[PDB]
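Chain by chain, the residues run as shown.
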Amino acid sequence: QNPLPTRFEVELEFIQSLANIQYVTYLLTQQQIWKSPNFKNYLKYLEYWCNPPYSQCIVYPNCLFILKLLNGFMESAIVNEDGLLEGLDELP
Amino acid sequence: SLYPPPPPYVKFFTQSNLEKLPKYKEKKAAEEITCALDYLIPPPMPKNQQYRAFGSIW
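Residues numbered from 1 in each chain as written, not as in the entry; some residues may be left out. Chains lettered and ligands numbered in written order. Heavy atoms only, no water.

By the method listed in its record, X-ray crystallography, this PDB entry was determined to a resolution of 2.800 Å.

Per the PDB entry, chain B is named Mediator of RNA polymerase II transcription subunit 7, and its organism is Saccharomyces cerevisiae.

To keep things clear, this is the line we draw: UniProt positions are given in the numbering used here, feature names are shortened, and annotations may be inferred rather than shown by experiment.
Looking at the PDB entry, one finds chain A named Mediator of RNA polymerase II transcription subunit 31, with Saccharomyces cerevisiae as its source organism. Reading the Subcellular location entry of the UniProt record for chain A gives the comment "Nucleus".

**A few points about the interface of chain A and chain B**
The test is simple: Only heavy atoms enter the contact rule, under which two residues are in contact if any of them lie within 4.5 Å. Accessible-area loss on putting two parts together, using a 1.4 Å probe and summing over both, is the definition of buried area adopted here. A side-chain nitrogen of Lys or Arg and a carboxyl oxygen of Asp or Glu constitute a salt bridge if their distance falls within 4 Å. Under this definition, polar contacts are N or O atom pairs within 3.5 Å; protein pairs additionally need one hydrogen-donor-capable and one acceptor-capable atom, and for neighbouring residues in sequence, both atoms have to be side-chain atoms.
Across the boundary between the two partners, chain A contributes 29 residues, which contact 32 residues of chain B. In total, about 2700 Å² of surface goes out of reach between chain A and chain B, with carbon and sulfur atoms giving 68% of it. The interface formed by chain A and chain B contains 0 salt bridges. Here chain A is connected to chain B by 12 residue pairs in polar contact.

Shown next, in the form of structure tokens:
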């Protein structure tokens, strides 16, 4: 066994999980995490991975593209009162 | 839910802390985590280039 992951390791693992469309969906259609700007702000902070030397550690390149989309969307995305992301209400 | 939650560090990303960041970054210029603001600053690149990606998986 290995010791608990580093912050750098935790963030690299996490940004890369966004390469999975279903998972990103499960987040987008959460409730709590969109009440407060924290998560939104976190995802923009994560764009640190998009440039060297960081990007050179990315094995799952799609996650960077999806982060970018996800991010630009969030700027103009309208947040319902509960947390529901407005522009998505019609979809499951 | 085998889908993990976002990293614990998310709690630090308040709009308050974001406002304090520019001045903090300056002062700094004058693992070593000491306060909340440190989390709003990307972690340093490890020395072992074994974090360099072997290839792509799309």
